[PDB]
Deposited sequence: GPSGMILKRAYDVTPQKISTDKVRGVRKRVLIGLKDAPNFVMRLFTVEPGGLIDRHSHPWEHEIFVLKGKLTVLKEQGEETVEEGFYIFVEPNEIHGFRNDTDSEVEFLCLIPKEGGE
């Protein structure tokens, strides 16, 4: 069993974005747990990949970029992104945003 404070993990199309792989394929067989910290004004550009995302918003107000248009979510929201669905993320606030993001092994890390 691994028990650890997330922030202590060294971080690894994006601006103003810290990506931590908390549980990677180093340890886990099937899927990966990442922690993303988006500074004010940070951006993950719209993209699409042939694997899903499962996300939980931990802190702040997150702009979710969609195929057309956008939606704002906040702490305590989850997000499912189907494989190949267009998605991006932006921090349109004065405050840090943080979310958990999990992908299956085919997405690598």
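- Unmodelled segments of the deposited chain, in sequence order: 1-4, 17-21.
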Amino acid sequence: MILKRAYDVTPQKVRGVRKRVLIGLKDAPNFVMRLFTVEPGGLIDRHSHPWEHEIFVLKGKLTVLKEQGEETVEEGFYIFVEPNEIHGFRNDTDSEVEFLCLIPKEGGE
From here on, numbers count along this sequence of modelled residues.
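- Of the other compared PDB entries of this protein that include residues on both sides, at least a third leave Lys13 without atoms.
- Legend: mean Cα B-factor per stretch from the PDB entry, 68-76 versus 31-39; the higher mean is in 68-76.
- Per-stretch averaging of Cα B factors for 78-86 and 53-61 places 78-86 on top.
- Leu25: CA B factor lies in the middle third for its chain, per the PDB record.
- Among the modelled residues of its chain, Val97 has a C-alpha B-factor that falls in the middle third according to the deposited record.
- The deposited CA B-factor of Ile103 belongs to the lowest third of values across its chain.
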